[PDB]
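Residue numbers (the authors' numbering), protein chains in the order written: chain e, 17 to 214; chain c, 1 to 210; chain b, 94 to 228. The structure under discussion appears below in the form of structure tokens.
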RNA sequence: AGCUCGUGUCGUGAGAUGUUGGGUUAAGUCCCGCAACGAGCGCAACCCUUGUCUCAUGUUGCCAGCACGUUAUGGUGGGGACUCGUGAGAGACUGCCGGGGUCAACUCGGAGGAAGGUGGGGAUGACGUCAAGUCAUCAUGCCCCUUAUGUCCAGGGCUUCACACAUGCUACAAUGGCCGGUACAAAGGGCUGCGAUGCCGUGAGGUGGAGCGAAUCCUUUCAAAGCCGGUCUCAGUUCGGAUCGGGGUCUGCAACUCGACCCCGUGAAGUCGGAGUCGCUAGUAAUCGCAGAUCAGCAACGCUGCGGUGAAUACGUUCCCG
RNA sequence: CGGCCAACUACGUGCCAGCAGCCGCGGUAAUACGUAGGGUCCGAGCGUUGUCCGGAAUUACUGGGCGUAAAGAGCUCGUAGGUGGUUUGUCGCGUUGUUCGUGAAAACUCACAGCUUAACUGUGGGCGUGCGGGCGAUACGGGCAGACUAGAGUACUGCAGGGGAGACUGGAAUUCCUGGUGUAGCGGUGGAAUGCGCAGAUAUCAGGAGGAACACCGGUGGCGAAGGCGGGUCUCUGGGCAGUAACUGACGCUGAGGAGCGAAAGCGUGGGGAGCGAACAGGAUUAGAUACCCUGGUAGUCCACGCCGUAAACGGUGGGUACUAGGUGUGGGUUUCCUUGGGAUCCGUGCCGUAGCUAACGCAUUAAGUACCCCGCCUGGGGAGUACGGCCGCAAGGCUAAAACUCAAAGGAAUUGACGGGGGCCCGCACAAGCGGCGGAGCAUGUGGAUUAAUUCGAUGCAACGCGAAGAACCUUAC
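Right under this line is the structure:
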């Protein structure tokens, strides 16, 4: 990924809507032996997302690096994924496993900061979280820890969803501090939203 | 390795015309010598200018030197000042008198020689070579009407020690078909690390037009 | 005739075969047969022959449909997995050996009998015509 | 005869699939299937030459029917009839019939036809390999020389020779040698070039210049092997020509080191060749001359082409090689 | 101021001199060595070395594993131990609630005050995760006292079986023996030769000896805890399964050490010794065979009595228990229905298959799935299952089991290729069928080598060597 700063007198750079947040995690040239030598190709693990908390995971195969990055962008574009939150935190401590990828995603009080390793830091920095506390146990990789983090975010659910599963009136599903954090986060959603209307 | 014959020399009987045209018995070696020194004399300032084709028709010892380029305005500066200087030096180097016709190609991105010009002159200018190859292409495919597009760049690419050849294309470029109308142009970039020889194949169409 | 793999998920490639089929039939109403070499004419006879005999419905489709009706979820598994993958609801016939969890709106029954299967085709085809009448 | 790619699907991933299966092909040629559907570079086709005919076609080319030659022949008035020369066009497509084919591709036979199934041969080298070759064709990055590693000339060398390899040529003879008579080519080459009749030589050649920038003139009307005849009688020879001596001619300022050719003599090895190994499947192999480029001359037995005469064998994939 | 890891250019040496935490940088164009500019990070400091915690979920209580990656004892029985179905009562030992006492000060944490600020110091809380006393609770664990029948075991009726041991015996075949019949070969091999023969072999017939192994049934089949077990019959004995529910009433599970069983080879003493056969000869093959192949051949293989204790003792999967879609074979037994056919059931053993699981292959009601109980075991590769020491053993050896040192890996599964003296299907003057040659002779050209003042320079498997040269007397021409 070099020589991107450019000014063209051509038709268009085609800049348009959906200015999302896009992170390229790792690139390892992938070789293939054929008759008389090696054929080098490229893999780019592409994370895309918006600051609401919708995450994509794309996996680009091409024999050029920006081609593989662009194919990962289109593949994560094809496949988004909804993550439920509280304010800008996570709901409750989970462990995700993608066959060797263990990631523990635990919430924290706000202000602490996204503390995670670089793959999980990528998937969570694209997402709508600002203050959680994760760790990547096992598998020491990028692909399995990204995919394990997304499986960990599939083990998430709303407080309300849990209440619904059990047919119980909330209050009765959460404890009270987390309901107060719901009041804080929806209150600042009201403040920034009504400042957004004017 | 790739033992690929120059396709403008592989279809020079069938589709592509000769560049130089006369008849000569016992005057032929002299006409060859004048043809060579004329093309060396039209190498430098016209390769600054954007030269593509240098045809020399030759009637009863006058001469007619015709050049197809991509900017009438650098070849013809002030009228007669830039034209009649190289024209007059062609009149003095040859022992003859020169009728220099200068004409523009309707699309510079259509000619394979001029694509090799713009690519190699970008590649001497420290740009990214894969970015350069992509730039020349795509835009060329649409420009006028091309079917083939082969850009091979060998040499010290990016200043590296290994001489890596690259091979990008789009569409149909059949070399073994003789009704191909393929334009071919190889021009050689001059970096400080060395020379990056650029080959460009451009397949315009199936049309014989016999 | 034969379920081509990747009709629904890959529509952007198999639509090009359709426009080439339109250019073939529009050059069949043209009448250029003798001006070309007959190896190319017999070759286009093979292209129109196979491409018309195997592709008849997407000739009318154009439009990445909202529903799919499936006979024999077992044998036509490719269509049911592709139809599930886009989010398109599946309406099917289900024998004793078909997994009903892949089909959202089933109609259970034997598929081996032409009377029963063909009658259920009459059911849902009359249903679609009943949709067309009030529209 | 393969090498890939796009988009879809499969897989955590490298990747796969497509491109595998059934049949078919000179061929990933082509059909039928199949989570693939398509494309691209190859293969084929387009181009040149060879094989048949049609139309056009008349000099420098042909000469039948005409006329005139006599010595020498199309040599000459003439003629488009035959060639031939070069332009356009037809013609081979499994197109037509029989059988196998899954009623698909394709294969076995037959007819017509100059030609039958990619008719013959070319030109045409995919993605890449081998750090293959070339900084001496050229161009060139960097390093080195700049009082020499530049440059000018004479002489020498690149041709030396106890050897060893490699590709060729002439042979070892009677399907042959030598003398005499005689018949048939194709293509080419030519300006300070190709150079005829005639004369002088034994012969390289000398003297001379006809005539041609060449379907015309010259390379003789072109060949050699072929055919008819005579002689040689199986031998180190009328085989074989190396070597060496004498005597010349031509080219060039100059043939000593180092040119070719001719004449006279000289007359060696060599009796079909160990282990092995190479080429070739039809106008091929084998053998026979001819021309060309480079070139003042030639180390040309080389290279590139042209034609002449012209075979044997292929049961078949076990074995060696790719 | 390569990468991690904020920060790059030139000059100088070109596998040297040096660098480096690991990966790794130096073979005349190093952003990795040395010097320079320049940048970055810190700052009265900044680097190095050592020692500890961290990252290391890498000794995993919180928080790991054991089919193939390190890792399931060869298999059982059982001592301590750990663990415990249903239910009534009681105790208050575990557990829990509360209050009292205590946990010195300092530190630590929160607030505040004081020193120009801060470090620092002080005041007041909290912390002091604990322990002892009093009072309360009784679900769960436990103790005691009882009750129950589903687990466990017993009785009864059957049933299947190479389960084991002892004893007696059967035939086919191999070898030798005596006797016929009868002649020059037999045997053996890719091809042969040592070898047995011509003194009567091999061949065939009759009889005799003796030993071992059990054709056919017999296989993806039965039984055993695992090793393992197949001629027959008899005698003694072990386990399993089903059915009824008659009895006992939790007597269960596992099991550190421990005892027992445990293929083959091997060991001791005494028998036996046909076939096969290590070692050991000769023969052959081969460069050479201390090998394969051949001919002979001793211990051994066999039995009696003991040792030994090991195996790819492998399902590479410790034992127990409950649950979790199915489909189809076959083994043992009960019953409802058609009336042997299906159904249902309990126990067994295979093949395919969801969910789920796994690194992947795979597993998948006979789990590698979901959970509980107990045991074994693993902690990078070598060094090494080795030394030292002890224990057992007649010995061979087994068991238990390190360190220095060294490496930056050693591994598992799958992928793309190449490769195979792997398989299949194909082709090419690839072989076969022919014809003509080369290799021996003379010369012509080119190369090697040696010469030389100079023998200019290039091109050395196929794809260099009548090749750059389509013309070396001078020129060419580089020497």
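Backbone N, C-alpha and C define an ideal beta-carbon position, used for all residues, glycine too.
CB contact below 7 Å: residue i versus chain e
i: residue 131/c; result: yes
i: residue 128/c; result: yes
Cβ neighbours of residue i in the same chain (closer than 7 Å, five flanking residues each side left out)
i: residue 136/c; result: 115, 118, 119, 151
i: residue 142/e; result: 37, 39, 63, 64, 65, 71
i: residue 203/b; result: 188, 209
i: residue 143/c; result: 107, 109, 110
Test: residue i CB closer than 7 Å to a CB of chain c
i: residue 19/e; result: yes
Sub-7 Å separation of residue i and residue j beta-carbons
i: residue 66/c; j: residue 101/c; result: yes
i: residue 116/e; j: residue 154/e; result: yes
i: residue 46/e; j: residue 59/e; result: yes
i: residue 271/c; j: residue 72/c; result: An answer regarding residue 271/c cannot be provided, because it is not within the stretch 1 to 210 covered by chain c.
i: residue 171/c; j: residue 148/c; result: yes
i: residue 69/c; j: residue 43/c; result: no
i: residue 152/e; j: residue 129/e; result: no
i: residue 201/b; j: residue 212/b; result: no
i: residue 171/e; j: residue 110/e; result: yes
i: residue 147/e; j: residue 107/e; result: no
i: residue 58/c; j: residue 18/c; result: no
i: residue 179/c; j: residue 198/c; result: no
i: residue 168/e; j: residue 121/e; result: yes
i: residue 169/b; j: residue 101/b; result: no
Environment of residue i [buried if 16+ CB atoms lie within 10 Å]
i: residue 211/e; result: exposed
i: residue 110/c; result: buried
i: residue 163/e; result: buried
i: residue 207/e; result: exposed
i: residue 201/c; result: buried
i: residue 92/e; result: buried
i: residue 89/c; result: exposed
i: residue 5/c; result: exposed
i: residue 184/c; result: buried
i: residue 155/c; result: buried
i: residue 50/c; result: buried
i: residue 156/e; result: exposed
Cβ-based neighbour list, residue i, same chain, cut-off 8 Å, excluding 5 preceding and 5 following
i: residue 133/c; result: 119, 151, 153, 166, 168
i: residue 140/c; result: 109, 110, 115, 146, 149, 202
i: residue 35/c; result: 20, 56
i: residue 138/c; result: 170
Contact set for residue i: own chain, Cβ-Cβ below 6 Å, skip 5 residues either direction
i: residue 190/e; result: 175
i: residue 141/b; result: 117
i: residue 165/b; result: 204
i: residue 191/b; result: 166, 167
i: residue 67/e; result: 144
**Report entry** Complete runs of the beta strand (DSSP E) confined to the region 75-134 of chain c [at least 3 residues]
**Finding:** 99-104
Query raised in the report: What are the uninterrupted segments assigned as beta strand (DSSP E) that are 3 or more residues long and contained completely in the region 173-200 of chain b, given in chain order?
Result: 183-187
Query raised in the report: Along the chain, which unbroken stretches of the beta strand (DSSP E) at least 3 residues long are found entirely within the region 139-170 of chain e?
Result: 148-153
Query raised in the report: If you scan the region 16-58 of chain c from start to end, which runs of the alpha helix (DSSP H) of 4 or more residues do you find wholly inside it?
Result: 28-41, 44-49
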